[PDB]
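Residue numbers start at 1 and run along the sequence shown. Just so you know, these numbers use all the heavy atoms, side chains as well, and skip hydrogens, waters and symmetry mates. Each ligand, and each atom within it, is numbered from 1 in the order the structure gives.
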Amino acid sequence: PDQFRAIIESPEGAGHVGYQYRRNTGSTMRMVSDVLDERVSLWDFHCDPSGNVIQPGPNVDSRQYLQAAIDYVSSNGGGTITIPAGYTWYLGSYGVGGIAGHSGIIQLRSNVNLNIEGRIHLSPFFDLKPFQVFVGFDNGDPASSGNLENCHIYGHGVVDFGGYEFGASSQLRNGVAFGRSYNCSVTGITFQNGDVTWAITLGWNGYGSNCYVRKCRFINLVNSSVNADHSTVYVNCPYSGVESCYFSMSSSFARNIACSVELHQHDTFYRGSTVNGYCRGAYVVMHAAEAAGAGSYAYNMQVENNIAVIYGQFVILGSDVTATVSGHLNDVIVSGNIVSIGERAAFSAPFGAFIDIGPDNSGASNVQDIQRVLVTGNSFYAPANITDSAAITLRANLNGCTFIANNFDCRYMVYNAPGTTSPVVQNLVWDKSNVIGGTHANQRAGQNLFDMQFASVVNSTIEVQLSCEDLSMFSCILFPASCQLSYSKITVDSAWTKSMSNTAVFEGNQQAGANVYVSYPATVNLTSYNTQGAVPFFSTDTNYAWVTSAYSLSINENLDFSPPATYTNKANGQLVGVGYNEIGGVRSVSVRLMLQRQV
Ligand SMILES: CC(=O)N[C@@H]1[C@@H](O[C@H]2O[C@H](CO)[C@H](O[C@H]3O[C@H](CO[C@@H]4O[C@@H](C)[C@H](O)[C@@H](O)[C@H]4O)[C@@H](O)[C@H](O)[C@H]3O)[C@H](O[C@@H]3O[C@H](CO)[C@@H](O)[C@H](O)[C@H]3NC(C)=O)[C@H]2O)[C@H](O)[C@@H](CO)O[C@H]1O
Ligand code: NA
Ligand code: NA
Ligand code: NA
């Protein structure tokens, strides 16, 4: 019986105290230790070599204890380790083995979940150094890594990166790198107070599946000029995504460098999230260099129902090539998003845009294969002073993009800078249902609303519809002579255009092409013959050999005659129509006409 007291006070004591659930005689006859063994926390590994519990704190490195916990739970086939609430657990050294090649702190393991209720902080050992806090690779070479499966990080807790700046721009810093990750997720967690490259990365070069980031917060994760680049979540495996997250930055640097999400593989999504203070919303890109695990195509890409205040571009599309692989981007939907460029000076951050068709990382604009994109049902706003704002900046080759039923209220609709790239454009469709706002009315001196600074345009549709006047603009749409135009439809609705000197401008007279379908308003001077009765009127200019019909947009202030309501052309490039002289006499009028070709 001395034995007994001793057994009870020993670490095996709970293993000697019997228990049966709710006194139910049909329940298992267990011991207390069995029931306690159904859960596990960091406290069960956070101890010195004699087994005495160690209190966490800024002078204690909790890393080895958390790794021991993960290692042990993995050995039993998995479970969930709680990181207790009411404590801050500091990490103060690098991990060892396969994660050392990734500057890893903690190695995640398959089927071992982390329920983070307390706080995890980085100690100043990490100041000016690279780190990846949680790493799912098991090898320094990702190509030689095994997988991470069934690993979930969740809870009301916090990962705090200590505020430390990067030491050098070439360093990398990450929160969670799941690795070659299958059915992994982060839910509920706040990531805050750092200068990092990513908070979370999913997958590796297409290897992984079913990874998600849901109801997380990312707060103030760029803080220095050293930080080369930041994207909060990088989605690098298919069938994966980001939903219902919150992203906020306060740094000036973040306005120029930070992006919320990147979607880099097929069947990926970014939904229902709120962004503030970032340069960019999402990249949707197929990099050939990342094509190993899931193929060379990024398809079924979804960006929907987000709310954003950004300083650069909302969605950026891309694809590129390596020596032996070609990347393609297709079957994309961008819908339901409400986005604005935040208050800033013109040209003070990267050029503002809803959609950007961007060149590759080496600036090449002739490698892209981007098509079958639908942009529908979004709003975009930029304040009136922001000259550098567009619905699309089309800066690299485009094989198709469709715009239906958006509301764009910014400086430009379509833009590319002249004397830069000369993109080859196919299948650009701008439906009439896109509503062009008026915030930038009167700011457009010298500017074309649709500034078609391309090598060529084919199989494209631009149906311009104004909803207010802006007589400051040079034109609604302009094609330089260097842009070929063919098999396209270009129209300018007449509403709010009566007073415009130029509506559509074709500097190479490209509207004469055999398969160009156009219509736009123009002012035309006409003279008639002197005959009483039905009498022809003819334009004084001869630049209408391309016109198939025209009709009056002007009232007739005369009693004694009327000009033709409608006109055809003649071989010499005059317009001609049949009007009516009640009394004879040569007539001379200026009239606003709708000029039409093959429409
Ligand atoms: C910040 C960001 O995401 N920017 C986007 C561009 O990403 C490219 O540039 C970034 C710059 O940070 C990344 O390149 C850096 O990192 C890679 C990868 O790090 C190695 O492999 C890790 C698995 C490992 O843990 C590390 O220890 C490193 O060994 C490095 O190779 C580059 O030298 C370095 O500049 C990014 O790389 C991808 O990163 C994701 C997420 O971690 C990985 O899954 C991919 O495997 C990496 N891809 C490649 C080809 O290596 C670069 O792809 C991006 O291109 C553009 C367009 O979408 O947008 C930027 O915002
Ligand atoms: Na590495
Ligand atoms: Na509106
Ligand atoms: Na050209």
Return yes or no for this condition: an N or O of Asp229 is under 3.5 Å from an N or O of ligand 1.
yes

Are any of the side-chain nitrogens in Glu304 or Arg271 under 4.0 Å away from the carboxylate oxygens of its partner?
no

Can you check whether a protein heavy atom sits less than 4.0 angstrom from atom 59 (O) of ligand 1?
yes

Checking a contact table here: which protein heavy atom is nearest atom 52 (C) of ligand 1, and how many Å away?
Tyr234 OH, 4.1 Å

Please confirm whether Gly358 approaches ligand 1 to less than 4.0 Å, judged on its heavy atoms.
no

Mode of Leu172 contact toward ligand 1 - side chain, backbone, both, neither (heavy atoms, under 4.0 Å)
side chain

So is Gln132 in contact with ligand 1, going by heavy-atom distances below 4.0 Å?
yes

Within the stated cut-off of 3.0 Å, is an N/O/S atom of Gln484 closer than that to the Na ion (ligand 4)?
yes

Heavy atom of protein inside 4.0 Å of atom 42 (O) of ligand 1, strictly below
yes

Taking atom types as modelled, find out whether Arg444 and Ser472 have a side-chain donor-acceptor pair closer than 3.5 angstrom.
no

Please state which part of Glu262 comes within less than 4.0 Å of ligand 1, counting heavy atoms only: side chain, backbone, both or neither.
side chain

Find all atoms of ligand 1 within a distance of less than 4.0 Å from any non-hydrogen atom belonging to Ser231, and give their numbers and elements.
1 (C), 2 (C), 3 (O), 61 (O)

Strictly under 3.0 Å, is the Na ion (ligand 3) approached by any N, O or S atom of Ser379?
no

ring-ring contact (aromatic ring centres under 6.0 Å, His included), paired with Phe218, selected from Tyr246, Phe247, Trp198, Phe161
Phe247

Counting heavy atoms under 4.0 Å, the part of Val135 that contacts ligand 1 is neither

Determine whether any protein heavy atom is located less than 4.0 Å from atom 31 (O) of ligand 1.
no

Do any non-hydrogen protein atoms sit less than 4.0 Å from atom 17 (C) of ligand 1?
no

Picking from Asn406, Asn407, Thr376, what satisfies side-chain hydrogen bond (donor to acceptor under 3.5 Å, both in side chains) with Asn434?
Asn406

Within 4.0 Å of atom 48 (N) of ligand 1 (strictly less), any protein heavy atom?
yes

For atom 35 (O) of ligand 1, is the nearest protein heavy atom closer than 4.0 Å?
no

Per-atom contacts, ligand 1 versus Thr201 - under 4.0 Å to a heavy atom
41 (C), 42 (O)

Could you check which of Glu290, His102, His287 puts a non-hydrogen atom nearest to atom 54 (C) of ligand 1?
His287

Euclidean distance, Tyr207 OH relative to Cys237 SG, rounded to 0.5 Å
13.0 Å

Is there an N/O/S atom in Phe454 at a distance below 3.0 Å from the Na ion (ligand 4)?
no

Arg344 to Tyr311 six-membered ring, cation-pi geometry met (6.0 Å, 45°):
no

Is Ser482 close enough to the Na ion (ligand 4) that one of its N, O or S atoms comes in under 3.0 Å?
yes

How far is atom 8 (C) of ligand 1 from its nearest protein heavy atom, and which residue and atom is that?
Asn361 ND2, 4.4 Å

For atom 39 (O) of ligand 1, which of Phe137, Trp204, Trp198 has the closest heavy atom?
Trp198

Is the closest protein non-hydrogen atom to atom 12 (O) of ligand 1 under 4.0 Å?
yes

Among all the protein's heavy atoms, is there at least one whose distance to atom 1 (C) of ligand 1 comes out below 4.0 Å?
yes

Are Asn223 and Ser251 close enough that a side-chain donor and a side-chain acceptor fall under 3.5 Å?
no

Show the atoms of ligand 1 that are less than 4.0 angstrom away from any heavy atom in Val285.
58 (O)

